[PDB]
Every structure is written in C-alpha cells, then in structure tokens.
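Single chain ahead, written as structure tokens, the form solved without the ligand.
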C-alpha cells in the first residue's frame, strides 16, 4: 500500500463513496488501504468490501483513543461525518488528538463541511450573495463550519500537515445506511404516491420550482477530496464541490414522476407551499406495508426519509456555488446532475430499498 486513508463517517453518503473510489484501479495515491470509522456495527454491504471497519463513537474521547491510536500507518484523514455545536467540534478534535501523535507518516487532513449548513436556515448581518466563491470572507455570524476550520488550521499548522476544506453542495447519492438523503426522501414519497394511486404532487414553493439549483454526486465529492489529498497544487485550499451544472426542481420532478410511472402535479399558480413532513406524518404503517408487499429491505420511514429536509429544499433559492477555483487549479471533474439523480434512483432499486420500476 502507498497511501492509508482514515475515512471518518464511512457509512455516510460521501464516506461510502470514498471507500469505493479509494479502491478503484488507477486511483491517484493508490494503492490505498482504507480504514472506515462509523458508530454502527459494520453493515453487510461494507463487510464484503476491502475496508478495515472500525466501530467507534467518535464523540467518546476514550473510545476514539482506544480504537484509533493503534493505527500507526495512517497517511490521510478524511473527515466526512454528517454535521447535524460543541459536539461536532469535539468529534473532530477527538479524531485529530487520537491520530496526530500516533501516525508518524501522517500527511494531510481533509475536512468536509458544506456550501451551506441546512441551506442557510440558521444564518442581522447581510449575507454574501451567490454564486458562492471560496474567497468570500467570514461574516461575524456564528457558524459550526467555521469552528471546525479553525481546529483544522490550528492542528495542521502546528504539526506540519497539509489541509483541505471541501464545501459540497446538496449531495445526490445513495448507500444502504445514510439518512438525511434528498434522493431517498423523494423516492420514498414517489413510492407512497404510487402505492396509494395518487399523483406525484409537488408540495413546494413557486420559487424553488422555477429557480436554478445545484447539487453534487457523492462519487464526485470523493474524487474531489482524493484529488486535493494527492495534488500538491491543490493543498491548503478551501474548495467548493458541485456537479458543474445547474438544474431546476421542476425538471427533477417530471423525471421523478416518469421514473415511477405516475402522473405529476407541478406547482399550481396561487397554491402556497405545504409541508411534505405534514403530508407524510401518519404514513409509517403505509411504509411497512409497502416494504412487505414489495419485499424491500426493511426500513422504517423515519430512517429512510427526512421530509423536513425536502421541505427546506423546496423553500430555498439563490444558493448556486462556483467551481471556478477548482477548475482553475486543474480539477475538471463534473456530473450531469439529471443523470446523477436518475442513477441514485436506479441504485436504490438495485439494492431493493424501493420497488422496481415495473
């Protein structure tokens, strides 16, 4: 092995893409050894992969020391755990305190944050307008992402390590474990509609129907993090990560209806946004019956879908981010966002989480 990755959050959407992409033939930095850390016991999908799984609650300092301090060969840390204050800072500090003193060939720390935390719902002071670039200064408004950056900079600086900060847009992806996942949430809603013989009714705002939006494929995020981990010209940079294009929810919606073979009802002029979370609140038993009727992987509705997260997406606009910095540094990776969305639907079907198309 040439390089040794510690993927913190391996069962998450991006973490699961890193485990796969790190193991492909001709991956930069390779051949890679991969340690994958997550709180749950190793999922069956990941047990069959060449990943060394470490079950660890990284919010527990002792346990993090016990399980990560023996891993002497780590060269690259990829901190990609979903970010839901002091707990996120503590988790990241735990990782760095447990590995930095023990891994004598440690080179680089990759920190994943996001363009916006929950679409900016928590952000008095006038915010920066879009298209979002990485050179925009920090505004005097508290931010959990800025607290993690500060720990990265301090710990990498003192220890002669390189750093990256990756700011993914809304992620399109799927793996057998990760929730707070937009495509899964929308596929679940489509599946319920189809089961109940109802149309795929758009519950969102006018503006989110018609505005330009962007996103990022989980695999592209993995490629971008690996690139910044191995390209010396890319190191010690804050870097956005999106698919390189724009889309509209209205087009995703039509595609979604088409893929499920159901009628669409788009935005209806004058009709106000309604909560998808509200529409779905009494559907937990319906979901149980769908799983049974279609022999799906048993999931609970609250585990596979986050309707509240779709609701925020559908009252958001003006959130486009730029890839000019990455491109000007030589990263020309992209995805067709419409093709990426469909590929996630296909993947959920292939893994039996939602019914087949026919």
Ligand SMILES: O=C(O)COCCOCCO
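Positions refer to the first chain, counted from 1. Take the two forms, find the largest set of C-alpha atoms that superpose within 1.5 Å, and that set is the rigid core.
Unmodelled deposited residues between residue 84 and residue 85: 1 to 3, per the record. Going from residue 123 to residue 124, the model skips 1 to 3 deposited residues, which lack coordinates. As recorded in the PDB entry, 8 to 16 is the stretch of 331 to 339 and 8 to 16 with the greater mean C-alpha temperature factor.
Taking the mean C-alpha B-factor of each stretch as recorded, 127 to 135 and 217 to 225 are not equal, and the higher mean is that of 127 to 135.
Taking the PDB entry at face value, the top CA B factor among 42, 68, 310, 37 belongs to 42. Listed residues 237, 205, 178, 162 were ranked by CA B-factor as deposited; 178 comes out on top.
Sort the chain's modelled residues by C-alpha temperature factor and residue 144 lands in the highest third, per the entry. Among all modelled residues in this chain, the alpha-carbon of residue 173 has a temperature factor (C-alpha) in the middle third. In the deposited entry, the Cα temperature factor of residue 46 sits in the top third of values across the chain's modelled residues. Residue 301: CA B factor in the highest third of modelled residues in this chain (values from the PDB entry). Among the modelled residues of the chain, residue 316 sits in the middle third by CA temperature factor in this PDB entry.
Heads up, the form solved in complex with the ligand isn't pictured, but that's what we're talking about next.
Figure legend: unbound chain with the ligand modelled from its position in the deposited complex by local C-alpha superposition. Site blocked, with three or more ligand atoms within 2.4 Å of backbone or C-beta atoms. This chain appears without its partner; in the deposited complex, the one residue of 110, 188, 115, 106 with a heavy atom within 4.5 Å of the ligand is 115. Note on contacts: among 227, 267, 163, 119, the single residue with a heavy atom within 4.5 Å of the ligand in the deposited complex is 119. Heavy atoms of residue 299 never reach within 4.5 Å of the ligand in the deposited complex, leaving it off the interface. The ligand in the deposited complex is approached by residue 145, whose closest heavy atom lies within 4.5 angstroms of it. Taking non-hydrogen atoms only, residue 312 approaches the ligand to within 4.5 angstroms in the deposited complex.
Contact check for residue 170: a heavy atom falls within 4.5 Å of the ligand in the deposited complex.
In summary, the region of this chain contacting the ligand in the deposited complex, judged by heavy atoms within 4.5 Å and restricted to 327 to 335, 313 to 321, 27 to 35, 291 to 299, corresponds to 313 to 321. Superposing the two forms on their core leaves just one of 244, 114, 176, 203 with a Cα displacement of at least 2 Å between this form and the one not shown, namely 176. Shown in the overlay between this form and the one not shown, fitted on the rigid core, is a CA shift at residue 142 of 2 Å or greater. Annotation for the pair residue 118/residue 239: C-alpha atoms approach each other in the deposited complex, by 3 Å or more compared with this form.
Relative to the shown form, the Cα atoms of residue 132 and residue 118 move together by 3 Å or more in the deposited complex.
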